[PDB]
Amino acid sequence: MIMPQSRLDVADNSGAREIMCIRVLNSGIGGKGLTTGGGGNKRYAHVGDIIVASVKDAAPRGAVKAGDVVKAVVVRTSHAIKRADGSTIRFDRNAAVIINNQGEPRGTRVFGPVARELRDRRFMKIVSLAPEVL
Amino acid sequence: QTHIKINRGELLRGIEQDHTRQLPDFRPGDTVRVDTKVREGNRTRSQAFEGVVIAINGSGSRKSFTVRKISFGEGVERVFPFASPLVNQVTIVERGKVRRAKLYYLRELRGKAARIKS
Amino acid sequence: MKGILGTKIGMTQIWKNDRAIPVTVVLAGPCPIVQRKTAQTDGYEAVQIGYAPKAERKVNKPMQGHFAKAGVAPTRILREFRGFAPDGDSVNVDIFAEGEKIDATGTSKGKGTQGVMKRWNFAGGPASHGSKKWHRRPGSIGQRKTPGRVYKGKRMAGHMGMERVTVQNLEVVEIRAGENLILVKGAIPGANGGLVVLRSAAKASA
Amino acid sequence: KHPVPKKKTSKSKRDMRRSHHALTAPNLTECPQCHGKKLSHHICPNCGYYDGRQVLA
Amino acid sequence: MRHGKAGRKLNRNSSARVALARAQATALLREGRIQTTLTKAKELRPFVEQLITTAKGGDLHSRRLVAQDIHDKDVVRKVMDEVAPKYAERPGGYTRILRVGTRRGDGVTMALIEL
RNA sequence: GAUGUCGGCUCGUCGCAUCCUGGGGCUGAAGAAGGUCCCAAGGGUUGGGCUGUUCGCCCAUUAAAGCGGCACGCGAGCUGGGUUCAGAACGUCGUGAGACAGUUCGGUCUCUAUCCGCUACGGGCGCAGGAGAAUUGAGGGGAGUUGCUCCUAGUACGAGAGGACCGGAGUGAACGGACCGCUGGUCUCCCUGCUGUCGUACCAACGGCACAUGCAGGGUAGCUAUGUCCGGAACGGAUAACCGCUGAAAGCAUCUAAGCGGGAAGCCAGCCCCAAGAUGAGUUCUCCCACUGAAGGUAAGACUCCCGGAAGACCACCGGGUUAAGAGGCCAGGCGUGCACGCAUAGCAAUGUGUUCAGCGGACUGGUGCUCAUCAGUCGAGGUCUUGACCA
RNA sequence: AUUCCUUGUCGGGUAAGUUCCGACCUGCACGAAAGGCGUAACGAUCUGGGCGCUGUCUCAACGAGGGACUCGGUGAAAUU
RNA sequence: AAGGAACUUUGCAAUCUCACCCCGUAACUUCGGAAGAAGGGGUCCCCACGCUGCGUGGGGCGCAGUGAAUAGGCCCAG
Ligand SMILES: CC[C@H]1OC(=O)/C=C/[C@H](C)[C@@H](O[C@@H]2O[C@H](C)C[C@H](N(C)C)[C@H]2O)[C@@H](C)C[C@@H](C)C(=O)/C=C/[C@H]2O[C@@H]2[C@@H]1CO[C@@H]1O[C@H](C)[C@@H](O)[C@@H](OC)[C@H]1OC
Ligand SMILES: [Ca+2]
Ligand SMILES: [Ca+2]
Ligand SMILES: [Ca+2]
Ligand SMILES: [K+]
Ligand SMILES: [Mg+2]
Ligand SMILES: [Mg+2]
Ligand SMILES: [Mg+2]
Ligand SMILES: [Mg+2]
Ligand SMILES: [Mg+2]
Ligand SMILES: [Mg+2]
Ligand SMILES: [Mg+2]
Ligand SMILES: [Mg+2]
Ligand SMILES: [Mg+2]
Ligand SMILES: [Mg+2]
Ligand SMILES: [Mg+2]
Ligand SMILES: [Mg+2]
Ligand SMILES: [Mg+2]
Ligand SMILES: [Mg+2]
Ligand SMILES: [Mg+2]
Ligand SMILES: [Mg+2]
Ligand SMILES: [Mg+2]
Ligand SMILES: [Mg+2]
Ligand SMILES: [Mg+2]
Ligand SMILES: [Mg+2]
Ligand SMILES: [Mg+2]
Ligand SMILES: [Mg+2]
Ligand SMILES: [Mg+2]
Ligand SMILES: [Mg+2]
Ligand SMILES: [Mg+2]
Ligand SMILES: [Mg+2]
Ligand SMILES: [Mg+2]
Ligand SMILES: [Mg+2]
Ligand SMILES: [Mg+2]
Ligand SMILES: [Mg+2]
Ligand SMILES: [Mg+2]
Ligand SMILES: [Mg+2]
Ligand SMILES: [Mg+2]
Ligand SMILES: [Mg+2]
Ligand SMILES: [Mg+2]
Ligand SMILES: [Mg+2]
Ligand SMILES: [Mg+2]
Ligand SMILES: [Mg+2]
Ligand SMILES: [Mg+2]
Ligand SMILES: [Mg+2]
Ligand SMILES: [Mg+2]
Ligand SMILES: [Mg+2]
Ligand SMILES: [Mg+2]
Ligand SMILES: [Mg+2]
Ligand SMILES: [Mg+2]
Ligand SMILES: [Mg+2]
Ligand SMILES: [Mg+2]
Ligand SMILES: [Mg+2]
Ligand SMILES: [Mg+2]
Ligand SMILES: [Mg+2]
Ligand SMILES: [Mg+2]
Ligand SMILES: [Mg+2]
Ligand SMILES: [Mg+2]
Ligand SMILES: [Mg+2]
Ligand SMILES: [Mg+2]
Ligand SMILES: [Mg+2]
Ligand SMILES: [Mg+2]
Ligand SMILES: [Mg+2]
Ligand SMILES: [Mg+2]
Ligand SMILES: [Mg+2]
Ligand SMILES: [Mg+2]
Ligand SMILES: [Mg+2]
Ligand SMILES: [Mg+2]
Ligand SMILES: [Mg+2]
Ligand SMILES: [Mg+2]
Ligand SMILES: [Mg+2]
Ligand SMILES: [Mg+2]
Ligand SMILES: [Mg+2]
Ligand SMILES: [Mg+2]
Ligand SMILES: [Mg+2]
Ligand SMILES: [Mg+2]
Ligand SMILES: [Mg+2]
Ligand SMILES: [Mg+2]
Ligand SMILES: [Mg+2]
Ligand SMILES: [Mg+2]
Ligand SMILES: [Mg+2]
Ligand SMILES: [Mg+2]
Ligand SMILES: [Mg+2]
Ligand SMILES: [Mg+2]
Ligand SMILES: [Mg+2]
Ligand SMILES: [Mg+2]
Ligand SMILES: [Mg+2]
Ligand SMILES: [Mg+2]
Ligand SMILES: [Mg+2]
Ligand SMILES: [Mg+2]
Ligand SMILES: [Mg+2]
Ligand SMILES: [Mg+2]
């Protein structure tokens, strides 16, 4: 449950370190890079959901500067996330990893763990930079 | 309504012992939940989760425990149904001395010296 | 066509091939075939059928004659199923299978007189910026002179719940045949202990 | 604001509200022990019985 | 709505509906029977009835549990030493209600609660 | 002798000159993507910055971000930013008092619904005897949105780049119904911790007040969403624009002049809910019978009264009422809190340890005749006539 | 607080700024005790932004108490 | 719950902060002030030691020690 205005933390070494949401999309990877669409009224981002976001606060030196409109994917909800077995996960803090219109990450590494759902949701290479799934 | 004379809980208990699994006694010790991640292809990966246990909940096929770890500098909790087929088994790293049944207060202590006893 | 009656026992957790699946448990107890109604005699095709047993001191003489006509120890409840033309009596076992979709009808747990925010999802008013009707209340109800009235079928505070409700296409997780139990994926309308009618899917979903 | 009634009500129309103000007679019963007067599932007020004496009177 | 709540507001707040039932329980045990509104008697029953099952314990713990609801040391000794031992045969039927007439100031049906 | 004004909010409902989706003709229509006209009003039509704004510009998305009507819909429904009462200021006009549809800061929006309309719920009578139950469905309401991906298929088409219709499968969004197993919320006294003070003579141990819980920490049932399950349909019939078959008025040609087939998110039906006050009052099963003198005792059956209820403002509805487990208590179990009091021990003590997975206990599952459902009263049939048939 | 045209033009802040800050000046219609420009401190003054925190909101829920409901007692009003 | 002004004319309302001790505090200034700037730390119980209820130390319990009540939200710019 991310919605616009909600700041997130950034899980990558691309220069940004603090993005504010600005839009919640409903698209994903689909053989031509990112799909468009899903409708235009979905109101909460879950892990594995793409969002758009302004880059409020960024590290000097580094590939993404403040004010940049950006398409991150969220990797860490404080909101709980449930599995088909019945397992639940929750992380203490909300965080996302900025990407580009192929879905590839923009930094050279991910920081902290990432939800296993990104593997379902086909972000095959953000999972690769990730120290742990779960 | 429909006032059949019947023991309701007994009928619930009887379609539920078949989905109940008993675990080693713990309270909030420390724990290795050696578990299963078959989401990795058609093959079965194994992973393990080790942290302080902060809650027991429910009864019968509804029992769950809440463990709480810190991976890579970011606090994480997780909730395991005892009779989940993705919980292979559980064992106690080390017993802890505590005065509650919950430990929610541990969430905002989040630091090395703010740690469960013995 | 196929149907039977039962009581709503409760809702628990259960695994099937390693995926948790909430289930409502229903007692689909044996159902005697009381009255049997043909179009040739009664102008339409259906079968009457009964459920909770009832001690005969508690029974009307006319109802005793109705059950005695067929030869059935009297039951507290009776219902009809159109098109269902069985033979013998109606056990849970024989007429359902693992994995049929089936419609599940029951009587909604009833919630009294409710406001428009609960009964109909109204927005209700701002809770600040000075405004009595600080929530809860319906707003405008009409236009003005040249509609002249308020609309029929309008939406306003009323008796919410306590209604008949079908739920389409619930899945049959398990049949424990001998005990007359039946597990069913998801949530049947009603309350524990209540009457429920399990029936074929009304829609032949492809 | 301030709703107020529009015309006076007719004697006919007001009396047919009151169509429902009829008091229900108590269903009284005869005390098997005292002389008479008793209200059901209650003590007999005169003698005090409710199978023997209860209240003092 | 209230699909399974038990208990009564007695057009009274939390602090009072206890200090009622404590004060009424003290009088029933101090008097054997009392006469009160039919409703307060219906709520008074299970509280006093549980309270004397506490005293059927005999030991000091049960005495001090009774003491935290009943602050008159005499009635405490009466229930603890006189009545509860008298009832130690008695699977819980320790109270009955009769309901008397109907009063005249407010027209409220009233009733007896006795042992 | 008063029809309250802009804008916002809240509720909707209607037109179609259709923004999306659906079906068609022509195209300077290869495909793909479009243009434009015809039919189509079922449903859908996003969140934000600036401004009182309506409009409009921008942000970021969308299938789409339609136009209007309903006193420029809606102030006995709410605001009160704009404006249009007194104060005050600037600019400008006026010698002045004062002044403009110029700006600017401030500035009382009136507890009780009588009738109709509307949402829910009863009472009466009616429905040619008095009753307990099961129902047909006249008729009426609800619902109706859409994307993305995959197979067909890198196929038809196209120099290439690109790249389909048709048919089939999967997964969402928003909406809605139900539900509480799951994840959480709350659970005003169910459990525990804590401070000041007052009390139970003192110690120990407890109670009150500090909120209408003193504060904190958890929390069962219930209720609840952000939580979960299900849905929108498939098939059919008649159609719109349109597409065709047989074919004349004209030995040609023509979808038409008789006639006939196809053809939409629309119409009717199918899905869910109400429904015989459908006064046209329907059908079926079962019961009580033919009493006495419009009545009165009674049958079948109900009600009144009590004890309760996942029913509920009241009524109504369901269950139990001694041939009784209905509710409470009591027993056992669950679940919640988290190891009681007392005693012993260790320590100068604060405290620690043991006895003790202890103690305590709302609403949960059963069992149990300890409590109360005692006694009893009040109602409630004798069935109109006419015509037809069939047996008397 | 004066500017009609006007959301003047550039820049700042914002993802986006008719508001606001800074320049510019073409001042409809500033201007020197109806005082002109400045000023630290002061302000229940007015205007714009930021941090913190929040049921203000997405989008409402559950709980409490006082009314609203029921019964016994007393029993109005505007209006017609 | 997750979110945190997305509400709105306006953060209006309602949070937040809160008392005393210690450390530390900017532009700018009429050299007084801005200033309680901002910020960070302490707060209970026992014992021993020094001093005139403090202080130094050691130990103890709780999620928490102005343990409940009274008792600032702050900053930049006009
Ligand atoms: C807020 C409550 C008070 O309502 C008003 O102020 C004004 C109400 C209405 C709306 C308005 O009518 C409107 O007029 C417009 C010009 C036209 C309009 N359209 C229909 C076209 C019409 O709607 C009035 C001018 C007309 C009339 C009734 C009247 O003059 C009323 C006088 C006031 O008493 C009342 C009320 C009592 O509250 C008072 O409040 C004070 C502060 C307290 O001290 C109280 O005790 C002393 C009490 O003082 C009396
Ligand atoms: Ca009325
Ligand atoms: Ca009254
Ligand atoms: Ca929170
Ligand atoms: K439960
Ligand atoms: Mg039972
Ligand atoms: Mg602890
Ligand atoms: Mg209810
Ligand atoms: Mg609201
Ligand atoms: Mg009219
Ligand atoms: Mg008005
Ligand atoms: Mg009262
Ligand atoms: Mg006496
Ligand atoms: Mg006991
Ligand atoms: Mg108690
Ligand atoms: Mg007039
Ligand atoms: Mg008027
Ligand atoms: Mg005007
Ligand atoms: Mg048209
Ligand atoms: Mg088209
Ligand atoms: Mg094309
Ligand atoms: Mg918009
Ligand atoms: Mg409109
Ligand atoms: Mg006009
Ligand atoms: Mg208007
Ligand atoms: Mg009006
Ligand atoms: Mg104003
Ligand atoms: Mg002049
Ligand atoms: Mg003011
Ligand atoms: Mg004002
Ligand atoms: Mg009011
Ligand atoms: Mg009032
Ligand atoms: Mg007839
Ligand atoms: Mg009849
Ligand atoms: Mg019909
Ligand atoms: Mg009609
Ligand atoms: Mg192939
Ligand atoms: Mg292929
Ligand atoms: Mg080719
Ligand atoms: Mg297709
Ligand atoms: Mg939903
Ligand atoms: Mg709903
Ligand atoms: Mg819960
Ligand atoms: Mg308490
Ligand atoms: Mg003491
Ligand atoms: Mg104590
Ligand atoms: Mg006192
Ligand atoms: Mg006092
Ligand atoms: Mg307080
Ligand atoms: Mg609490
Ligand atoms: Mg032809
Ligand atoms: Mg045709
Ligand atoms: Mg056809
Ligand atoms: Mg069709
Ligand atoms: Mg469709
Ligand atoms: Mg008739
Ligand atoms: Mg008669
Ligand atoms: Mg009888
Ligand atoms: Mg009843
Ligand atoms: Mg009964
Ligand atoms: Mg008896
Ligand atoms: Mg028995
Ligand atoms: Mg127990
Ligand atoms: Mg010692
Ligand atoms: Mg019980
Ligand atoms: Mg201007
Ligand atoms: Mg800029
Ligand atoms: Mg600008
Ligand atoms: Mg604004
Ligand atoms: Mg303004
Ligand atoms: Mg300027
Ligand atoms: Mg001047
Ligand atoms: Mg001058
Ligand atoms: Mg001056
Ligand atoms: Mg100046
Ligand atoms: Mg002043
Ligand atoms: Mg400000
Ligand atoms: Mg802003
Ligand atoms: Mg409520
Ligand atoms: Mg009087
Ligand atoms: Mg008068
Ligand atoms: Mg924040
Ligand atoms: Mg807005
Ligand atoms: Mg805003
Ligand atoms: Mg203002
Ligand atoms: Mg304020
Ligand atoms: Mg200096
Ligand atoms: Mg200085
Ligand atoms: Mg200042
Ligand atoms: Mg500690
Ligand atoms: Mg501390
Ligand atoms: Mg305090």
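Residues numbered from 1 in each chain as written, not as in the entry; some residues may be left out. Chains lettered and ligands numbered in written order. Part of a larger assembly, values for the part shown. Heavy atoms only, no water. Residues with missing side-chain atoms left out of burial classes, pairs and counts.

For this entry, the PDB record names X-ray crystallography as the structure determination method and reports a resolution of 3.2200 Å.

(A) Seen up close, the overall build of chain E. Regarding its fold elements, chain E presents 4 helices and 3 strands. Going from N to C terminus, chain E has its helices and strands arranged as α-β-α-α-α-β-β. With respect to the three principal axes, the spread of C-alpha positions in chain E is 45 × 30 × 25 Å. Restricting to contacts in chain E with at least 6 residues of sequence separation, those with at least 24 account for 51%. (Helix = DSSP H or I, 4+ residues; strand = E, 2+ residues; numbered from the N terminus. Contact = heavy atoms within 4.5 Å.)

(B) Structural detail: the overall build of chain D. Each helix and strand in chain D was counted, giving 1 helix and 2 strands. Put simply, chain D runs from its N terminus to its C terminus through helices and strands in the order α-β-β. Against the 2.2 N^0.38 benchmark of 10 Å for 57 residues, chain D shows a C-alpha radius of gyration of 23 Å, more extended than a compact globule. Referenced to the eigenvectors of the C-alpha coordinate spread, the extents of chain D come out at roughly 60 × 25 × 15 Å. (Rg over C-alpha atoms; globule rule 2.2 N^0.38 Å.)

(C) Focus on the interface of chain A and chain B. Listed per partner, the contact involves 19 residues of chain A and 19 residues of chain B. The greatest single-element share of the side of chain A that touches chain B, amounting to 4 residues, is contributed by strand β6 (residues 88-91) of chain A. Considered class by class, the residues forming the side of chain A that touches chain B number 6 nonpolar, 4 polar and 9 charged. In this sheet, strand β4 (residues 74-81) of chain B lies alongside β6(A) in antiparallel orientation, the contact comprising 4 bridges. By the bridge assignment, A:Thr88 is partnered in β4(B) with B:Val79. (Nonpolar A, V, L, I, M, F, W, Y, C, P; charged D, E, K, R; others polar. Pairing = 2+ DSSP bridges.)

(D) Region of interest: the pairing of strand β6 (residues 46-50) of chain C. Residues and elements named next belong to chain C. Counting buried positions along β6 yields 5 of 5 residues, so the element is predominantly enclosed. Across the two faces of β6 the burial is the same, with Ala 46, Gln 48 and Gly 50 and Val 47 and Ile 49 all buried. As judged from the 5 bridges shared by β6 and strand β7 (residues 78-82), these two strands associate in the antiparallel manner. Residue pairing in the sheet places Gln 48 in a bridge with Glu 80 of β7. (Buried < 20%, exposed > 50% of the residue type's maximum accessible area, 1.4 Å probe, protein only.)

(E) Region of the structure containing the sheet that holds strand β1 (residues 7-10) of chain A. Residues and elements named next belong to chain A. Around the barrel, 5 strands lie side by side as β1-β2-β3-β4-β7; this closed barrel has mixed pairing. If you compare each strand with its neighbour and ignore which way they point, the axes differ by 55° on average. Relative to strand β7 (residues 95-99), strand β4 (residues 69-76) runs antiparallel, the two sharing 5 bridges. Pairing of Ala 72 across the sheet is with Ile 98, part of β7. (Axes fitted to C-alpha atoms, helices over the stretch in contact; angles between N-to-C directions.)

(F) Inspection of the protein's contact with RNA strand F at higher detail. Near RNA strand F there are 158 residues, and of these C:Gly110, C:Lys152, C:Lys203, E:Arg17 and E:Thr53 occur at the shortest range. Here, RNA strand F places atoms within 4 Å of the protein, and 78% of those atoms are sugar or phosphate. At 2.8 Å, a backbone N or O of C:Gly190 approaches a phosphate oxygen of RNA strand F. E:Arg90 is positioned with one of its side-chain polar atoms (N or O) 3.0 Å from a sugar or linking oxygen of RNA strand F. Here the residues of the surface near RNA strand F are counted per class, giving 41 nonpolar, 65 polar and 52 charged. (Near = heavy atom within 4 Å. Polar contact = N/O pair within 3.5 Å; in protein donor to acceptor, adjacent residues only side chain to side chain.)

(G) Local environment of the packing of aromatic side chains. Residue and element names in this part refer to chain B. All chains considered together, the criterion is met by 6 aromatic pairs over all chains. Ring geometry for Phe 26 and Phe 65: centres 5.3 Å apart, planes at 70°, overall edge-to-face. You can see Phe 26 sitting in the loop between α1 (8-14) and β1 (30-37) and its partner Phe 65 sitting in strand β3 (residues 64-71), a full 39 residues away along the chain. Note on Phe 26: relative accessible area 14%, which makes it buried. We classify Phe 65 as buried; its relative accessible area is 0%. Where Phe 65 meets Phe 80, the ring centres are 5.4 Å apart and the plane angle is 35°; that geometry is what we call tilted. Separated by 15 residues along the polypeptide, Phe 65 in strand β3 and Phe 80 in strand β4 bring together distant segments of the chain. (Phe/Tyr/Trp six-rings, centres within 6.5 Å; stacked < 30°, edge-to-face > 60°.)

(H) Main features of the protein's contact with RNA strand H. RNA strand H sits among 15 residues. The nearest are A:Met1, A:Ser6, B:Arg100, C:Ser128 and C:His129. With respect to RNA strand H, the backbone of A:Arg7 contributes an N or O atom lying 2.9 Å from a phosphate oxygen. At a separation of 2.9 Å, a base oxygen of RNA strand H approaches a polar side-chain atom of C:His129. Taken together, the residues that form the surface near RNA strand H break down as 4 nonpolar, 7 polar and 4 charged.

(I) Representation of the environment of C:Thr41 within the structure. Residue and element names in this part refer to chain C. Inspection of the secondary structure assignment puts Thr 41 in helix α1 (residues 39-42). Residues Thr 41 and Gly 178 lie 137 residues apart in sequence; the distance between their C-alpha atoms is 36 Å. In terms of polar contacts, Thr 41 uses its side chain to reach the side chain of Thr 38, at 2.8 Å.

(J) Main features of the interface of chain C and chain B. If you look at the interface, chain C gives 22 residues, while chain B gives 19 residues. When chain C packs against chain B, close to 1,900 Å² is buried across both sides, 65% of that on carbon and sulfur atoms. For the pair chain C and chain B, the number of links is 1 salt bridge. Among the ionic pairs, C:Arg176 bridges to B:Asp18, the shortest N-O distance being 3.2 Å. There are 7 residue pairs in polar contact connecting chain C and chain B. Elements with a minimum of two residues in the side of chain C that touches chain B: β1 (3-12), β4 (23-27) and β14 (181-185) of chain C. Among the residues making up the side of chain C that touches chain B, the classes are represented as 12 nonpolar, 7 polar and 3 charged. (Buried area = accessible area lost by both parts, 1.4 Å probe. Salt bridge = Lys/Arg side-chain N within 4 Å of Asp/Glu carboxyl O.)

(K) Geometry of a positive patch on the surface. A surface patch of like charges, here positive, comprises B:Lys5, C:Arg57, C:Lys58 and C:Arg76. Examined against the element boundaries, C:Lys58 turns out to sit in the loop between β6 and α2 (61-70). With relative accessibility at 41%, the residue C:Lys58 sits in the partly exposed group. (Patch = residues over 30% accessible without salt bridge, like charges linked within 9 Å, V, L, I, M, F, W, Y side chains within 5 Å. Areas by Shrake-Rupley, 256 points an atom, 1.4 Å probe, with all protein chains shown as cover. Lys, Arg positive; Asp, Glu negative; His and termini not counted. Charge placed at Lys NZ, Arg CZ, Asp CG, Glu CD.)

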